[PDB]
$ cat run09.csv   # CSV, N, CA and C atoms
chain,number,residue,atom,x,y,z
A,14,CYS,N,-2.8,-0.5,20.3
A,14,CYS,CA,-3.3,0.3,19.1
A,14,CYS,C,-4.8,0.7,19.3
A,15,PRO,N,-5.2,1.9,18.8
A,15,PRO,CA,-6.5,2.3,19.0
A,15,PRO,C,-7.6,1.4,18.3
A,16,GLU,N,-8.8,1.5,18.8
A,16,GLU,CA,-9.9,0.7,18.2
A,16,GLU,C,-10.0,1.0,16.7
A,17,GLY,N,-10.2,-0.1,16.0
A,17,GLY,CA,-10.3,0.0,14.6
A,17,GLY,C,-9.0,-0.3,13.9
A,18,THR,N,-7.9,-0.3,14.7
A,18,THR,CA,-6.6,-0.6,14.2
A,18,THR,C,-6.0,-1.8,14.8
A,19,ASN,N,-5.0,-2.4,14.1
A,19,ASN,CA,-4.4,-3.6,14.5
A,19,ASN,C,-2.9,-3.5,14.7
A,20,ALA,N,-2.4,-4.1,15.7
A,20,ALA,CA,-1.0,-4.1,16.0
A,20,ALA,C,-0.3,-5.2,15.2
A,21,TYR,N,0.9,-4.9,14.8
A,21,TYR,CA,1.8,-5.9,14.2
A,21,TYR,C,3.2,-5.4,14.4
A,22,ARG,N,4.0,-6.1,15.2
A,22,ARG,CA,5.4,-5.7,15.4
A,22,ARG,C,5.7,-4.2,15.5
A,23,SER,N,5.2,-3.6,16.6
A,23,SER,CA,5.5,-2.2,16.9
A,23,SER,C,4.7,-1.2,16.2
A,24,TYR,N,3.9,-1.6,15.2
A,24,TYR,CA,3.1,-0.6,14.5
A,24,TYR,C,1.7,-1.0,14.6
A,25,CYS,N,0.8,0.0,14.2
A,25,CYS,CA,-0.6,-0.2,14.1
A,25,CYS,C,-1.0,0.0,12.6
A,26,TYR,N,-2.0,-0.7,12.2
A,26,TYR,CA,-2.4,-0.8,10.8
A,26,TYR,C,-3.9,-0.7,10.7
A,27,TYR,N,-4.4,-0.1,9.7
A,27,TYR,CA,-5.8,-0.3,9.4
A,27,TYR,C,-6.1,-0.1,7.9
A,28,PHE,N,-7.2,-0.8,7.5
A,28,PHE,CA,-7.7,-0.8,6.2
A,28,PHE,C,-8.8,0.2,6.2
A,29,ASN,N,-8.8,1.1,5.2
A,29,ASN,CA,-9.8,2.1,5.0
A,29,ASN,C,-10.5,1.9,3.7
A,30,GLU,N,-11.8,1.7,3.7
A,30,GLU,CA,-12.5,1.3,2.5
A,30,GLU,C,-12.9,2.6,1.7
A,31,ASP,N,-12.5,3.7,2.1
A,31,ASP,CA,-12.6,5.0,1.4
A,31,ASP,C,-11.7,4.9,0.1
A,32,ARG,N,-12.3,5.1,-1.0
A,32,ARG,CA,-11.5,5.1,-2.2
A,32,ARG,C,-11.0,6.5,-2.5
A,33,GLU,N,-9.6,6.7,-2.5
A,33,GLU,CA,-8.9,7.9,-2.8
A,33,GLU,C,-7.8,7.7,-3.8
A,34,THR,N,-7.3,8.8,-4.3
A,34,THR,CA,-6.1,8.7,-5.1
A,34,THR,C,-4.9,8.3,-4.1
A,35,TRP,N,-3.8,7.8,-4.7
A,35,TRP,CA,-2.7,7.4,-3.9
A,35,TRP,C,-2.2,8.6,-3.0
A,36,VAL,N,-2.1,9.8,-3.6
A,36,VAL,CA,-1.7,10.9,-2.9
A,36,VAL,C,-2.6,11.2,-1.7
A,37,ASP,N,-3.9,11.3,-2.0
A,37,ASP,CA,-4.9,11.6,-0.9
A,37,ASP,C,-4.9,10.6,0.2
A,38,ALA,N,-4.7,9.3,-0.2
A,38,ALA,CA,-4.7,8.2,0.8
A,38,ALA,C,-3.6,8.4,1.7
A,39,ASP,N,-2.4,8.6,1.2
A,39,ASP,CA,-1.2,8.8,2.0
A,39,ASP,C,-1.3,10.0,2.9
A,40,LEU,N,-2.0,11.1,2.4
A,40,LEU,CA,-2.3,12.2,3.2
A,40,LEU,C,-3.2,11.9,4.3
A,41,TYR,N,-4.2,11.0,4.0
A,41,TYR,CA,-5.1,10.6,5.1
A,41,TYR,C,-4.3,10.0,6.2
A,42,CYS,N,-3.4,9.1,5.8
A,42,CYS,CA,-2.7,8.3,6.8
A,42,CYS,C,-1.9,9.3,7.6
A,43,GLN,N,-1.2,10.3,7.0
A,43,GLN,CA,-0.4,11.3,7.7
A,43,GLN,C,-1.2,12.1,8.7
A,44,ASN,N,-2.4,12.6,8.3
A,44,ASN,CA,-3.3,13.4,9.1
A,44,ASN,C,-3.9,12.7,10.2
A,45,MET,N,-4.4,11.5,10.0
A,45,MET,CA,-5.2,10.8,11.1
A,45,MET,C,-4.2,10.3,12.1
A,46,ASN,N,-3.0,9.9,11.7
A,46,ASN,CA,-2.2,9.1,12.7
A,46,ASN,C,-0.8,9.4,12.7
A,47,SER,N,-0.4,10.5,11.9
A,47,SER,CA,1.0,10.7,11.5
A,47,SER,C,1.7,9.4,11.1
A,48,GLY,N,0.9,8.7,10.3
A,48,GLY,CA,1.5,7.5,9.6
A,48,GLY,C,1.6,7.7,8.1
A,49,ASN,N,1.6,6.7,7.3
A,49,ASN,CA,1.7,6.8,5.9
A,49,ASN,C,0.9,5.6,5.4
A,50,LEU,N,0.7,5.6,4.0
A,50,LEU,CA,0.4,4.3,3.4
A,50,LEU,C,1.4,3.3,3.8
A,51,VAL,N,0.8,2.1,4.0
A,51,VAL,CA,1.7,1.0,4.5
A,51,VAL,C,3.0,0.7,3.7
A,52,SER,N,4.1,0.5,4.3
A,52,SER,CA,5.3,0.0,3.8
A,52,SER,C,5.3,-1.5,4.1
A,53,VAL,N,5.6,-2.4,3.1
A,53,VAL,CA,5.6,-3.8,3.3
A,53,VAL,C,7.1,-4.2,3.2
A,54,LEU,N,7.7,-4.5,4.3
A,54,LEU,CA,9.2,-4.5,4.4
A,54,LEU,C,9.7,-6.0,4.5
A,55,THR,N,8.8,-6.9,4.8
A,55,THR,CA,9.2,-8.3,4.9
A,55,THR,C,8.0,-9.1,4.3
A,56,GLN,N,8.3,-10.4,4.0
A,56,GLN,CA,7.3,-11.3,3.6
A,56,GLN,C,6.2,-11.5,4.6
A,57,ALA,N,6.6,-11.5,5.9
A,57,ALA,CA,5.7,-11.7,7.0
A,57,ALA,C,4.8,-10.5,7.2
A,58,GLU,N,5.3,-9.3,6.9
A,58,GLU,CA,4.5,-8.1,7.1
A,58,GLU,C,3.5,-8.1,5.9
A,59,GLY,N,3.9,-8.6,4.7
A,59,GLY,CA,3.0,-8.6,3.6
A,59,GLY,C,1.9,-9.6,3.9
A,60,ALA,N,2.2,-10.7,4.6
A,60,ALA,CA,1.2,-11.7,4.9
A,60,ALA,C,0.2,-11.1,5.9
A,61,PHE,N,0.7,-10.4,6.9
A,61,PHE,CA,-0.1,-9.7,7.9
A,61,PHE,C,-1.1,-8.7,7.2
A,62,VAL,N,-0.6,-7.9,6.3
A,62,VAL,CA,-1.4,-6.9,5.6
A,62,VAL,C,-2.5,-7.5,4.8
A,63,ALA,N,-2.1,-8.6,4.1
A,63,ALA,CA,-3.1,-9.4,3.2
A,63,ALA,C,-4.2,-9.9,4.1
A,64,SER,N,-3.9,-10.4,5.3
A,64,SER,CA,-4.9,-11.0,6.1
A,64,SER,C,-5.8,-9.9,6.7
A,65,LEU,N,-5.2,-8.7,7.0
A,65,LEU,CA,-5.9,-7.6,7.5
A,65,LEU,C,-7.0,-7.2,6.5
A,66,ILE,N,-6.6,-7.1,5.2
A,66,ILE,CA,-7.5,-6.7,4.2
A,66,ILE,C,-8.7,-7.7,4.0
A,67,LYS,N,-8.3,-9.0,4.0
A,67,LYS,CA,-9.2,-10.0,3.8
A,67,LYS,C,-10.2,-10.1,4.9
A,68,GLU,N,-9.8,-9.9,6.1
A,68,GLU,CA,-10.7,-9.9,7.3
A,68,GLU,C,-11.7,-8.9,7.2
A,69,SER,N,-11.5,-7.8,6.5
A,69,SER,CA,-12.4,-6.7,6.5
A,69,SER,C,-13.7,-7.1,5.8
A,70,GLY,N,-13.6,-8.1,4.9
A,70,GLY,CA,-14.7,-8.5,4.1
A,70,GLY,C,-14.8,-7.8,2.8
A,71,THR,N,-13.9,-6.9,2.5
A,71,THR,CA,-14.0,-6.1,1.3
A,71,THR,C,-14.0,-7.0,0.0
A,72,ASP,N,-14.7,-6.5,-1.0
A,72,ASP,CA,-14.8,-7.1,-2.3
A,72,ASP,C,-13.9,-6.2,-3.3
A,73,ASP,N,-13.1,-5.3,-2.7
A,73,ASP,CA,-12.3,-4.4,-3.6
A,73,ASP,C,-11.3,-5.3,-4.4
A,74,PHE,N,-10.9,-4.8,-5.5
A,74,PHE,CA,-9.9,-5.5,-6.3
A,74,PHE,C,-8.4,-5.0,-6.1
A,75,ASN,N,-8.3,-3.7,-5.8
A,75,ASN,CA,-7.0,-3.0,-5.6
A,75,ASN,C,-7.0,-2.3,-4.3
A,76,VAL,N,-5.9,-2.4,-3.6
A,76,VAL,CA,-5.8,-1.6,-2.3
A,76,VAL,C,-4.4,-0.9,-2.4
A,77,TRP,N,-4.4,0.4,-2.2
A,77,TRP,CA,-3.1,1.1,-2.2
A,77,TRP,C,-2.1,0.7,-1.1
A,78,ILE,N,-0.9,0.6,-1.5
A,78,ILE,CA,0.2,0.6,-0.5
A,78,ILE,C,1.2,1.8,-0.8
A,79,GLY,N,2.1,2.0,0.0
A,79,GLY,CA,2.9,3.3,-0.1
A,79,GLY,C,4.0,3.3,-1.1
A,80,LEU,N,4.1,2.4,-2.1
A,80,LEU,CA,5.2,2.3,-3.0
A,80,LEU,C,4.8,3.2,-4.2
A,81,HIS,N,5.8,4.0,-4.7
A,81,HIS,CA,5.5,4.8,-5.9
A,81,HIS,C,6.8,5.1,-6.6
A,82,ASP,N,6.7,5.6,-7.8
A,82,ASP,CA,7.9,5.8,-8.6
A,82,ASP,C,7.9,7.3,-9.0
A,83,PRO,N,8.4,8.2,-8.0
A,83,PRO,CA,8.2,9.6,-8.0
A,83,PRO,C,8.8,10.3,-9.3
A,84,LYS,N,9.8,9.7,-9.8
A,84,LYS,CA,10.5,10.3,-11.0
A,84,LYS,C,10.1,9.6,-12.3
A,85,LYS,N,9.2,8.6,-12.2
A,85,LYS,CA,8.8,7.9,-13.4
A,85,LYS,C,9.9,7.3,-14.2
A,86,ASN,N,10.8,6.7,-13.4
A,86,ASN,CA,12.0,6.1,-14.0
A,86,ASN,C,12.2,4.8,-13.4
A,87,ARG,N,11.1,4.3,-12.9
A,87,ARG,CA,11.0,2.9,-12.3
A,87,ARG,C,12.0,2.7,-11.1
A,88,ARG,N,12.2,3.8,-10.4
A,88,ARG,CA,13.0,3.7,-9.1
A,88,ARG,C,12.0,3.9,-8.0
A,89,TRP,N,11.7,2.8,-7.3
A,89,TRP,CA,10.5,2.8,-6.4
A,89,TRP,C,10.9,3.2,-5.0
A,90,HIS,N,10.0,4.0,-4.3
A,90,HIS,CA,10.3,4.4,-3.0
A,90,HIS,C,9.0,4.2,-2.2
A,91,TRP,N,9.2,4.0,-0.9
A,91,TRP,CA,8.1,4.0,0.1
A,91,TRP,C,7.8,5.4,0.4
A,92,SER,N,6.6,5.8,0.5
A,92,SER,CA,6.3,7.2,1.0
A,92,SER,C,6.8,7.4,2.4
A,93,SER,N,6.9,6.4,3.2
A,93,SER,CA,7.4,6.6,4.6
A,93,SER,C,8.9,6.8,4.6
A,94,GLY,N,9.5,6.6,3.5
A,94,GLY,CA,11.0,6.8,3.4
A,94,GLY,C,11.8,5.5,3.8
A,95,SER,N,11.1,4.4,4.2
A,95,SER,CA,11.8,3.1,4.4
A,95,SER,C,12.5,2.6,3.2
A,96,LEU,N,13.6,1.9,3.4
A,96,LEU,CA,14.3,1.2,2.3
A,96,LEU,C,13.4,0.1,1.7
A,97,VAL,N,13.6,-0.2,0.4
A,97,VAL,CA,12.8,-1.3,-0.1
A,97,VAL,C,13.6,-2.6,0.1
A,98,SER,N,13.2,-3.3,1.2
A,98,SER,CA,13.9,-4.5,1.6
A,98,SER,C,13.2,-5.7,1.1
A,99,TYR,N,12.1,-5.5,0.4
A,99,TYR,CA,11.2,-6.6,0.0
A,99,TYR,C,10.4,-6.2,-1.2
A,100,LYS,N,10.2,-7.1,-2.2
A,100,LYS,CA,9.4,-6.8,-3.4
A,100,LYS,C,8.5,-8.0,-3.6
A,101,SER,N,7.2,-7.7,-4.0
A,101,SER,CA,6.3,-8.8,-4.3
A,101,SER,C,5.5,-8.6,-5.6
A,102,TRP,N,6.2,-8.3,-6.7
A,102,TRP,CA,5.5,-7.9,-7.9
A,102,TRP,C,4.7,-9.1,-8.5
A,103,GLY,N,3.5,-8.9,-9.0
A,103,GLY,CA,2.8,-9.9,-9.6
A,103,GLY,C,3.2,-10.1,-11.1
A,104,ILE,N,2.7,-11.1,-11.8
A,104,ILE,CA,3.1,-11.4,-13.1
A,104,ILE,C,3.0,-10.1,-14.0
A,105,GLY,N,4.1,-9.7,-14.6
A,105,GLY,CA,4.1,-8.7,-15.6
A,105,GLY,C,4.2,-7.3,-15.0
A,106,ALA,N,4.5,-7.2,-13.7
A,106,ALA,CA,4.6,-5.9,-13.0
A,106,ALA,C,6.1,-5.9,-12.6
A,107,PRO,N,6.7,-4.6,-12.5
A,107,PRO,CA,6.0,-3.4,-13.0
A,107,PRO,C,6.0,-3.3,-14.5
A,108,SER,N,5.0,-2.7,-15.0
A,108,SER,CA,4.8,-2.6,-16.5
A,108,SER,C,5.8,-1.7,-17.1
A,109,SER,N,6.5,-2.1,-18.1
A,109,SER,CA,7.4,-1.1,-18.8
A,109,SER,C,6.6,-0.6,-20.0
A,110,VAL,N,5.5,-1.3,-20.4
A,110,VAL,CA,4.7,-0.9,-21.5
A,110,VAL,C,3.6,0.1,-21.1
A,111,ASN,N,2.8,-0.2,-20.1
A,111,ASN,CA,1.8,0.7,-19.6
A,111,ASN,C,2.2,1.1,-18.2
A,112,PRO,N,3.3,1.9,-18.0
A,112,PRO,CA,3.7,2.0,-16.6
A,112,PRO,C,2.7,2.8,-15.7
A,113,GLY,N,2.3,2.2,-14.6
A,113,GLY,CA,1.7,3.0,-13.5
A,113,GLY,C,2.8,3.4,-12.6
A,114,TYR,N,2.6,4.5,-11.9
A,114,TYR,CA,3.6,5.0,-11.0
A,114,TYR,C,3.3,4.9,-9.5
A,115,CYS,N,2.2,4.2,-9.2
A,115,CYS,CA,1.8,3.9,-7.8
A,115,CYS,C,1.5,2.4,-7.8
A,116,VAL,N,1.5,1.9,-6.6
A,116,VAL,CA,1.4,0.4,-6.4
A,116,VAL,C,0.2,0.0,-5.6
A,117,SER,N,-0.5,-1.0,-6.1
A,117,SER,CA,-1.6,-1.6,-5.3
A,117,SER,C,-1.4,-3.1,-5.0
A,118,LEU,N,-2.1,-3.6,-4.0
A,118,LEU,CA,-2.2,-5.0,-3.8
A,118,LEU,C,-3.5,-5.5,-4.5
A,119,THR,N,-3.4,-6.6,-5.1
A,119,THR,CA,-4.5,-7.1,-6.0
A,119,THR,C,-5.2,-8.3,-5.4
A,120,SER,N,-6.6,-8.3,-5.5
A,120,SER,CA,-7.4,-9.3,-4.9
A,120,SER,C,-7.1,-10.6,-5.6
A,121,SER,N,-6.8,-10.5,-6.9
A,121,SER,CA,-6.5,-11.7,-7.7
A,121,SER,C,-5.4,-12.5,-7.2
A,122,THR,N,-4.5,-11.9,-6.3
A,122,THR,CA,-3.4,-12.6,-5.7
A,122,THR,C,-3.6,-12.8,-4.2
A,123,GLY,N,-4.8,-12.5,-3.7
A,123,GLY,CA,-5.0,-12.7,-2.2
A,123,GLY,C,-4.4,-11.5,-1.5
A,124,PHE,N,-4.2,-10.4,-2.3
A,124,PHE,CA,-3.5,-9.2,-1.8
A,124,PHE,C,-2.1,-9.5,-1.4
A,125,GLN,N,-1.5,-10.5,-2.0
A,125,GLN,CA,-0.1,-10.7,-1.7
A,125,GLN,C,0.9,-10.2,-2.7
A,126,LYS,N,0.4,-9.8,-3.9
A,126,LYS,CA,1.3,-9.3,-4.9
A,126,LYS,C,0.9,-7.9,-5.4
A,127,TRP,N,1.8,-7.3,-6.1
A,127,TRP,CA,1.7,-5.9,-6.3
A,127,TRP,C,1.4,-5.7,-7.8
A,128,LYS,N,0.8,-4.6,-8.1
A,128,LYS,CA,0.7,-4.1,-9.5
A,128,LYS,C,0.9,-2.6,-9.5
A,129,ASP,N,1.6,-2.1,-10.5
A,129,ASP,CA,1.7,-0.7,-10.7
A,129,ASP,C,0.5,-0.2,-11.5
A,130,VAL,N,-0.1,0.9,-11.0
A,130,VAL,CA,-1.3,1.4,-11.6
A,130,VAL,C,-1.2,2.9,-11.7
A,131,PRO,N,-2.2,3.6,-12.4
A,131,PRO,CA,-2.2,5.0,-12.3
A,131,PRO,C,-2.4,5.5,-10.9
A,132,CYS,N,-1.6,6.5,-10.5
A,132,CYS,CA,-1.7,7.1,-9.2
A,132,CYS,C,-3.1,7.8,-9.0
A,133,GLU,N,-3.7,8.1,-10.0
A,133,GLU,CA,-5.0,8.9,-9.9
A,133,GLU,C,-6.2,8.0,-9.9
A,134,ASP,N,-6.0,6.6,-9.9
A,134,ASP,CA,-7.0,5.7,-9.5
A,134,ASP,C,-7.5,5.9,-8.0
A,135,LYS,N,-8.7,5.6,-7.8
A,135,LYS,CA,-9.3,5.7,-6.4
A,135,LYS,C,-9.5,4.4,-5.9
A,136,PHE,N,-8.6,4.0,-4.9
A,136,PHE,CA,-8.7,2.7,-4.3
A,136,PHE,C,-8.8,2.9,-2.8
A,137,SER,N,-9.2,1.8,-2.1
A,137,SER,CA,-9.1,1.8,-0.7
A,137,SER,C,-7.6,1.6,-0.3
A,138,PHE,N,-7.3,1.6,1.0
A,138,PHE,CA,-5.9,1.7,1.3
A,138,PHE,C,-5.6,1.3,2.7
A,139,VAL,N,-4.4,0.9,3.0
A,139,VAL,CA,-4.0,0.5,4.3
A,139,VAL,C,-3.0,1.6,4.8
A,140,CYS,N,-3.2,2.1,6.1
A,140,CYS,CA,-2.2,3.0,6.7
A,140,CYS,C,-1.4,2.2,7.7
A,141,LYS,N,-0.2,2.7,8.0
A,141,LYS,CA,0.7,2.1,9.0
A,141,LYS,C,1.2,3.3,9.8
A,142,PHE,N,1.2,3.2,11.1
A,142,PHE,CA,1.7,4.2,12.0
A,142,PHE,C,2.2,3.7,13.3
A,143,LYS,N,3.1,4.4,13.9
A,143,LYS,CA,3.7,4.1,15.2
A,143,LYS,C,2.8,4.7,16.3
A,144,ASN,N,2.3,3.8,17.2
A,144,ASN,CA,1.6,4.2,18.4
A,144,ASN,C,0.1,4.6,18.3

$ encode --input "run09.csv" --output "structure tokens"
Amino acid sequence: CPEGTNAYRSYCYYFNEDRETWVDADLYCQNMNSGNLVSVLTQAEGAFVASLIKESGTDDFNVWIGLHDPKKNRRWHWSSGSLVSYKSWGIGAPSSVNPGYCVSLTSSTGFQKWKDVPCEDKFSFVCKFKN
């Protein structure tokens, strides 16, 4: 994987401290590497991604991942199109009361759990791409 990015099981990943909307972040991932916002497909991959973010030294609270609810009916999809083989919702997520339609990793959980937030929030983000 290229400098600045880290390999994990066939893919390359990187944390970008640029705060963007969920949409723009995902586009960034597509443009720079023909990747997407990270899909977290196993517990082990979530552990890897959490450690990647922590190693950066960031003090951010929320980091985008590629999960969103495109029809606002709480049917979640990865932007990369992967199946949802793994879920790691934090306490009280996803909210049915104040639903957000995009998903972030939360520093309060070591970036191991997810929270649904407004897609128009500007958070840092992790990209995942092949090669």

$ select_by_dssp --input "run09.csv" --residues "region 31-134 of chain A" --states "alpha helix (DSSP H)" --output "PyMOL selection string"
chain A and resi 35-46+56-69

$ residues_around --input "run09.csv" --residues "region 97-106 of chain A" --least-positions-apart "3" --cutoff "5 Å" --atoms "all atoms listed in the file" --output "ChimeraX atom specification"
/A:54,126-127

$ atom_distance --input "run09.csv" --atom1 "atom N of residue 53 (chain A)" --atom2 "atom N of residue 82 (chain A)"
13.6 Å

$ atom_distance --input "run09.csv" --atom1 "CA of residue 128 (chain A)" --atom2 "CA of residue 75 (chain A)"
8.7 Å

$ closest_residue --input "run09.csv" --among "A:39, A:143, A:29, A:130" --to "residue 69 (chain A)" --atoms "only C-alpha atoms"
A:29

$ closest_residue --input "run09.csv" --among "A:19, A:137, A:47, A:111" --to "residue 78 (chain A)" --atoms "only N, CA and C atoms"
A:137

$ closest_residue --input "run09.csv" --among "A:107, A:44, A:73, A:66" --to "residue 26 (chain A)" --atoms "only C-alpha atoms"
A:66

$ closest_residue --input "run09.csv" --among "A:22, A:81, A:67, A:32" --to "residue 123 (chain A)" --atoms "only N, CA and C atoms"
A:67

$ select_by_dssp --input "run09.csv" --residues "chain A" --states "strand (DSSP E or B)" --output "PyMOL selection string"
chain A and resi 19-21+24-33+49-50+75-81+90-91+102+115-119+127-130+136-142

$ residues_around --input "run09.csv" --residues "residue 31 (chain A)" --least-positions-apart "3" --cutoff "7 Å" --atoms "all atoms listed in the file" --output "PyMOL selection string"
chain A and resi 28+135-138

$ residues_around --input "run09.csv" --residues "residue 50 (chain A)" --least-positions-apart "2" --cutoff "9 Å" --atoms "only C-alpha atoms" --output "ChimeraX atom specification"
/A:35,38-43,48,52,77-80,91-93,138-142

$ write_last_selection --input "run09.csv" --atoms "N, CA and C atoms" --output "compact mmCIF listing (two decimals), in the coordinates of the input"
# COMPACT_ATOMS: atom_id res chain seq x y z
N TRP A 35 -3.80 7.80 -4.70
CA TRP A 35 -2.70 7.40 -3.90
C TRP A 35 -2.20 8.60 -3.00
N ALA A 38 -4.70 9.30 -0.20
CA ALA A 38 -4.70 8.20 0.80
C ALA A 38 -3.60 8.40 1.70
N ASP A 39 -2.40 8.60 1.20
CA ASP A 39 -1.20 8.80 2.00
C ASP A 39 -1.30 10.00 2.90
N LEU A 40 -2.00 11.10 2.40
CA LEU A 40 -2.30 12.20 3.20
C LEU A 40 -3.20 11.90 4.30
N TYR A 41 -4.20 11.00 4.00
CA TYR A 41 -5.10 10.60 5.10
C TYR A 41 -4.30 10.00 6.20
N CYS A 42 -3.40 9.10 5.80
CA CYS A 42 -2.70 8.30 6.80
C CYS A 42 -1.90 9.30 7.60
N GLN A 43 -1.20 10.30 7.00
CA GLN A 43 -0.40 11.30 7.70
C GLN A 43 -1.20 12.10 8.70
N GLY A 48 0.90 8.70 10.30
CA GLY A 48 1.50 7.50 9.60
C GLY A 48 1.60 7.70 8.10
N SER A 52 4.10 0.50 4.30
CA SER A 52 5.30 0.00 3.80
C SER A 52 5.30 -1.50 4.10
N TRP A 77 -4.40 0.40 -2.20
CA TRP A 77 -3.10 1.10 -2.20
C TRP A 77 -2.10 0.70 -1.10
N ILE A 78 -0.90 0.60 -1.50
CA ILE A 78 0.20 0.60 -0.50
C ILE A 78 1.20 1.80 -0.80
N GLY A 79 2.10 2.00 0.00
CA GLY A 79 2.90 3.30 -0.10
C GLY A 79 4.00 3.30 -1.10
N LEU A 80 4.10 2.40 -2.10
CA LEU A 80 5.20 2.30 -3.00
C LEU A 80 4.80 3.20 -4.20
N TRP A 91 9.20 4.00 -0.90
CA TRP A 91 8.10 4.00 0.10
C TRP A 91 7.80 5.40 0.40
N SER A 92 6.60 5.80 0.50
CA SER A 92 6.30 7.20 1.00
C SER A 92 6.80 7.40 2.40
N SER A 93 6.90 6.40 3.20
CA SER A 93 7.40 6.60 4.60
C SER A 93 8.90 6.80 4.60
N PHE A 138 -7.30 1.60 1.00
CA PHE A 138 -5.90 1.70 1.30
C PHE A 138 -5.60 1.30 2.70
N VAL A 139 -4.40 0.90 3.00
CA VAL A 139 -4.00 0.50 4.30
C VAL A 139 -3.00 1.60 4.80
N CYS A 140 -3.20 2.10 6.10
CA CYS A 140 -2.20 3.00 6.70
C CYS A 140 -1.40 2.20 7.70
N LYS A 141 -0.20 2.70 8.00
CA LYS A 141 0.70 2.10 9.00
C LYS A 141 1.20 3.30 9.80
N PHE A 142 1.20 3.20 11.10
CA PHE A 142 1.70 4.20 12.00
C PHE A 142 2.20 3.70 13.30

$ atom_distance --input "run09.csv" --atom1 "atom C of residue 121 (chain A)" --atom2 "atom N of residue 24 (chain A)"
26.6 Å

$ closest_residue --input "run09.csv" --among "A:115, A:132, A:62, A:36" --to "residue 87 (chain A)" --atoms "only C-alpha atoms"
A:115

$ closest_residue --input "run09.csv" --among "A:70, A:133, A:96, A:15" --to "residue 37 (chain A)" --atoms "only C-alpha atoms"
A:133
